[PDB]
4 protein chains.
Amino acid sequence: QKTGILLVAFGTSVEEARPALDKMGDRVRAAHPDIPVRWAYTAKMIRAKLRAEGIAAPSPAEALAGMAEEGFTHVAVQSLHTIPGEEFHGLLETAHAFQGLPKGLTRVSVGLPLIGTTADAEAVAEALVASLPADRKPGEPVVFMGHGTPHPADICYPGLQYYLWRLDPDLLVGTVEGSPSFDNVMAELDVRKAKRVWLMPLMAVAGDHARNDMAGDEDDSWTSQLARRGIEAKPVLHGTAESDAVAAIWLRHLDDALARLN
Amino acid sequence: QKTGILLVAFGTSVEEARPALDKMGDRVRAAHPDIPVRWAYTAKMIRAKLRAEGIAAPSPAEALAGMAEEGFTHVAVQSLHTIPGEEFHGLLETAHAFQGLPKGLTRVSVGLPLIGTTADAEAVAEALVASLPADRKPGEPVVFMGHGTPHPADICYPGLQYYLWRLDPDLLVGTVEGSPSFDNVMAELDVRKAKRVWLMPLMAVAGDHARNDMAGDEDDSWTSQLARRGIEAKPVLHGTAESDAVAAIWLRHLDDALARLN
Amino acid sequence: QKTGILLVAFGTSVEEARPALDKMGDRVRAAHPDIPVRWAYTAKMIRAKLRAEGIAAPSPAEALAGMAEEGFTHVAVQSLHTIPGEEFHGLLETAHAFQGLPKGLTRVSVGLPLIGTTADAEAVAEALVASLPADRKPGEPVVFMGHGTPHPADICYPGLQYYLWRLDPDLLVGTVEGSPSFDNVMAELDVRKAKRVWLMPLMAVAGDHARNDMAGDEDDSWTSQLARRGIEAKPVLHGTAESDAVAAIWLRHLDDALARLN
Amino acid sequence: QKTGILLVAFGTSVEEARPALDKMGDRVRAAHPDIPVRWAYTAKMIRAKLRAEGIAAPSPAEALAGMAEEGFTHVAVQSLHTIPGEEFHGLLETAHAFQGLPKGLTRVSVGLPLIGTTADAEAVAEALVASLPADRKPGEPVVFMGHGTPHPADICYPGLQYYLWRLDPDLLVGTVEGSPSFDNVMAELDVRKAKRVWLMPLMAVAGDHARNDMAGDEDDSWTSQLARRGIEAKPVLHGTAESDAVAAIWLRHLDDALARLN
Ligand code: HEM
Ligand code: HEM
Ligand SMILES: [Cl-]
Ligand SMILES: [Cl-]
Ligand SMILES: [Cl-]
Ligand SMILES: [Cl-]
Ligand code: NA
Ligand code: NA
Ligand code: NA
Ligand code: NA
């Protein structure tokens, strides 16, 4: 009998972003000092870039196959995704495919992503507020940038908008590929006549979306579009994994997944 | 090769509520006149009550086992649930368990519940508005009553609240067992100082929640709580399956499930 | 928590053959007096004939769906098949598909068919010898008639021939659709110059194969072919479920399946 | 769309035995020159020994996870096992677990082991006879040594004995762990009063069973036991993968698995 933890993030190949994952690994090690911790990454393109730089970057299937070969029997897989979308559901199916294979893993549990229950959504809204930069003034809007998805779990972003507005009417959620859109966010900002607007990534790590879509020099970036509208944009290039308050939520979800192994 | 459709609702055992399901069956027959239509029900307690009244009320597993015995090969299962919650996920697992069984069904697809994508959520908000009673005046709040759930898909109800408010700030979502709660709804109503409030079930059929929790004579009902606060409550005891605009959404989801059989 | 037993035979629709299944049901009830016993049938054509006569004849899927609806949680499914062939493997897949379905069965185990391990094969050979008619004389060959199959488990019939010959060189195995063939059996009989030959069904119930292929009046029957060769054929129209010694083997396999539920 | 072949043997870590696998790899490459060929090994202890010598030795799960990462979509897994026993069934379950995983393999087929149908068993018996050493004289018994297993597929060894005896009454099958036992084989040899007896491995590669259990210097080896009985034992230390006639059977099974990918 041998318990392991498999941490699974979307993944990033940009070195300014990656230390935020190491931080998460330290938090997990601190909370479960006697349980081995392994990593896998869900984006196929990011694993390709990391392998290109000479770095091991297993898929969840490669990771679990390797853990089965090490003699692990019970593994808690923790998603560092934001929503239970396509990536999370793929992960769940992969994890459960390994469970019970002859001579392999006995039990493979999967921790919920950040926005799990409506109780999580409420805790996430509170944690995001606690994570705001000290320089943001009352009344200055903050736009949280999510990936967005065609998957049904896209509904987590407007759900989160509901909980954020219970706390502060000037906190907004926008996404690159889903709803609410950035056009919807600009319409929110126009009615508020906001002159300074903060932009913060909703995702665990500030990867390419945070750096280019949110804050790039190109015309199409959120910060470029806002500057054209006469708004002072203040991008914050740290993902939510940096915040202790946000990270506590993924940790609780891992505690729940570990309890499900018994 | 033989295609069938299996319609699956939560189910109701109250006779004033049931004709709304028959209506849905007529709509499906009208749209797919050459495809046989069968019914199953997801609530174990409702199947028990219906069997007690001498009425056949198969579970999804009983229904699919019987369809396999009739020689169906390809079956589109359409959920008449509101959200992709515990009932919907149980249905998906059951459906897929039958698919590919030796000598049984070849392919079993499953249509999304009402609030599927964020695009569905937006269409549902529009359809609910189109479904409002003609006597409701501008500015009179309307509270839509959902079941609510501990499942992660509970987040669909605050998500829907986001889309409803894009249309009319006085449309509210409350749930019996989840979030937003009825206490949250009363806090919304208090700030609006509303004197007349309409109550409409969000679920396909106005069963026991609509009739007792929403509109019962008991002190704990929504209409009783509102009357104690001096509000004229106007309960509407028809489920969303009665509305053509809402029903079109389940129909489109069935069309999508039928296309997935090829 | 509620344990049940599901007995699954190929099935027969001939009334002279069926009482042999009832016998098996009595044996099971006698051995497990406190555990409810249900029946299902694996041949689709036999279920069709039985339903035509007004008799309930559920498939394994219909039976397990109905047991889940009765509130059973742990079910031992016992195969009354002879070999782990196509029917047995279909049964195993169906059984395991039900296990773990949301709100349904917790655990569904499956008892091995008659010729399970090589230890079973040896016990079957001994039981068949104990079951021979008292009138068969030493040296008179006995041909055991199996169904035969294109499935890999067809190899059980020549395997059984090996164990039978360890007991008596004049015991032979033939099959209708597999190997050894009836032509192979006649070649065995020709070298023995046997003048009287007994024919016994290997299958649980003497259905249509026993009655027509083995012993029919038509030219193609085994008894007709033997009579053309000048051999006195002595067909025995009772299946192996009639023998206490053979039936004990299925009972032990059911005991093993019941132990697997804990 | 990208087809691959995964060859899976029990595996051997002895260097005198391994070239027989390379031979099989050449045969496969010759028959399917445009399809990439990968290897995996089913015995956990052999993968451990090979990794200890600095040699990559993936499990079937590690291999398929790696192939999915290379962008293969359709993979024919060919078992180089002798019987559809525990190893083969584990392989089938693992293979099918990978099939259909989100973003991974589309289709994973599995080729039958050597003794697949009774038609294979008959072809194997013919191929084994064709593979006998030219120095073996008519009437000298040959004992084929199988692993043996507690799994139900152990019945393949007495099944094969049936087909071998149709060809030559002095060809015998024995196993290390199943039936027929080596004691059963010595009883066969005693009745034949054989003075010289050949011993040949039934398995693909002459690993540790062939070299130690069959032909070791220790008292318990088959050759040592025979020498104590006054029999000249002639061990042949080549597995069946060396024979072209035996290898053709695995090749046909691979052709069948490749056809199942369409
Ligand atoms: C907002 C929350 C959720 C939504 C909207 C949702 C929606 C869906 C949808 C649309 C599918 C169909 C497959 C797909 O398109 O991905 C699905 C499948 C599935 N979901 Fe969820 N899901 C949610 C949360 C969860 C969570 C947290 C779990 C983990 C317990 C879960 C367990 C599953 C499983 C096991 C399936 C496979 C169904 C099958 O057996 O065929 N879902 N879900
Ligand atoms: C002589 C004995 C047996 C033979 C020759 C045999 C052979 C096979 C074959 C050829 C298959 C592929 C599917 C098919 O064509 O049916 C298979 C699948 C399977 N067998 Fe057996 N089998 C035997 C006994 C058993 C028994 C007694 C069990 C019950 C534990 C079993 C468990 C399974 C399972 C679970 C599969 C599905 C594989 C998958 O996951 O894809 N087998 N077997
Ligand atoms: Cl700060
Ligand atoms: Cl009206
Ligand atoms: Cl008698
Ligand atoms: Cl030679
Ligand atoms: Na996100
Ligand atoms: Na609802
Ligand atoms: Na039979
Ligand atoms: Na072997």
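Each position is counted from 1, following the chain as shown.
Cβ atoms are placed via backbone N, Cα and C, with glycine included.
According to Swiss-Prot, the protein has these features:
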type     : residues                     : note
BINDING  : B:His89                      : heme binding site
ACT_SITE : B:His147                     : active site, proton acceptor
BINDING  : B:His147, B:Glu177, B:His209 : Co(2+) binding site
Output field, Co(2+) shell: CB within 8 Å of site CB centroid, site B:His147, B:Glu177, B:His209 dropped: B:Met145, B:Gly146, B:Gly148, B:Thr149, B:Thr175, B:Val176, B:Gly178, B:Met203, B:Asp213
Proximal to chain C - recorded positions among B:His89, B:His147, B:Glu177, B:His209, CB under 8 Å: B:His89
Where the C-beta lies under 6 angstroms from ligand 1, the matching recorded positions among B:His89, B:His147, B:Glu177, B:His209: B:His89
Close-lying binding-site residues around ligand 8 among B:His89, B:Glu177, B:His209, where CB distance stays under 6 Å: none
Assigned conformation of the residue listed as 'active site, proton acceptor' - DSSP reduced to three states: coil
Neighbouring C-beta atoms (10 Å sphere around the C-beta of B:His209 (Co(2+) binding site)): 23
Protein Cβ atoms within 10 Å of B:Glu177 (Co(2+) binding site), excluding its own: 13
Entries of B:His147, B:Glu177, B:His209 (recorded positions) sitting next to ligand 7, with Cβ under 6 Å as the cut-off: none
